[PDB]
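Taking the form deposited in one PDB entry, here's one chain by itself in structure tokens.
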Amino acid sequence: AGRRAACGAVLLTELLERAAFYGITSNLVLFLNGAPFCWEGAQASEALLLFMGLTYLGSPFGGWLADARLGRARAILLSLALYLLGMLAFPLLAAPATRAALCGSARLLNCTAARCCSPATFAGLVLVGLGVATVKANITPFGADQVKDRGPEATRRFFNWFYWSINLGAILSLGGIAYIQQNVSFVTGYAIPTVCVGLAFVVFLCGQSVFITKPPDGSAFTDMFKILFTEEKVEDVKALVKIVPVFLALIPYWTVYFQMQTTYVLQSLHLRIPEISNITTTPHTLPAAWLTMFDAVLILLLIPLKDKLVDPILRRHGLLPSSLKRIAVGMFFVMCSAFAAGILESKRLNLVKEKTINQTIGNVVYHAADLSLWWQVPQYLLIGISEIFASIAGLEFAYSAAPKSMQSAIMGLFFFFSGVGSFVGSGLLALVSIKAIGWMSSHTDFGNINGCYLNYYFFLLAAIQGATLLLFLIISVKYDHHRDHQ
């Protein structure tokens, strides 16, 4: 022990940061379709798409800022400051007293009659995305540096609870904050994540007195020679060009898991959801963020079992000693869950032809089938086993396979390739929606999937995941042969 405070402070900072981030993405589309904006669905979705795109693209640049110029701690503080500065825009816009201060004074109430307060919300989204980008690429290596002098097992044990805190903040946001934004006063609904950001900044500032920081290395990126003589700078390029194919093969894995995360909630919208006695009935409604947290809850339950039972057994039996093998196991569980979801959708698509029941979730009617929502339990347990096997392993791999000088930059490139996979998954979803292929071609997301073929999409995702699993297993052997052999 001894360094328990330096880890707890980073865990709390990441928890609050993820809570605020999943608060801004849980009801942003519904907020843009409201009194102050009255935007259309296309632009409302494009706003969140550009937000996540800036978050993914900005992430590497945040690592370069934390490595070449700043010390990866002042970088986190500055990024959290820019994050908090952009967080006030949403409560200031939702408040009628300050909506006049932001831009004009929004008159449109029933959306009877092209964007209002566009620069304000766009600057807020840009600053929030850049803040999340610079934080996520610098919070995992700086957090793992607190226990780096104890061995890789300490970093893995820390990353376990790091992921656990990320999906306890996500549950606290999607469960509590989103329900507040959906049914009760909205100004406080957006003010709570801002308070979370402020508390995270304060916690990091107080924890700076016990953190073990590293001085910046400015003359590290200028020595990326590409024409072929100081030493220890050649190895930083040899250890960098060898980890690129791993991320390239992980891109389609991100594609499959992001499309699965979207389509799983989309399918959960079309199942029989039980009514909470007096929480989702009149005059309130059930938020969709709970259907989204249906998999963070399982992860939160699962992680303590892996850290206490699975990891010691696998360590004392010599099973899965490297992170790449755990990533392969996670991808196998991902394709298994995709096949299970395809089976469940094939069974569900036969029930909607006979009888459909109407349910209201997002103040909209969904024609669900006569099938309990708890039938998604196996398909969610499988992705729960996969993320605790693939995501934590990928994080500790990006932390360990990176050079000592370039860590935040490599983590930012990891998140950027994850975002590239997400965009490839969006393009794949748009590809199967053409007139040639009738799979998922009724309308855009959050609609009616009774006329679509989601089981075929799940089977295609499973086949793709299996192919990229074989590819990753092929390239994993070619990479582990240079870790302790060459």
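From 1 onward, residues are counted along the sequence shown. What we label the rigid core is the largest C-alpha set whose atoms superpose within 1.5 Å from one form to the other.
At least a third of the other compared entries skip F446 while keeping the residues on either side. Across the other entries compared, none leave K347 without coordinates where the residues on each side are present, so it is far from a third.
Gap check for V184 to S185: zero deposited residues are absent from the model. Per the record, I313 and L314 follow each other directly, and no deposited residue is missing between them.
As for the form deposited in another entry, it is not shown, yet the points below apply to it.
For the residues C206, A154, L314, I276, superposed on the rigid core between this form and the one not shown, a C-alpha shift of 2 angstroms or more shows up only at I276. Fitting the two forms on the rigid core leaves the C-alpha of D223 displaced by at least 2 angstroms between this form and the one not shown. With the core held fixed between this form and the one not shown, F446 has its Cα displaced by at least 2 Å. Comparing the forms between this form and the one not shown, the C-alpha position of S105 differs by 2 angstroms or more, with the core used for superposition.
Between this form and the other one, the CA-CA gap for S268 and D445 widens by 3 Å or more, being larger in the other entry.
Legend note: Cα of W254 to Cα of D445 is at least 3 Å farther in the other entry than in the depicted form.
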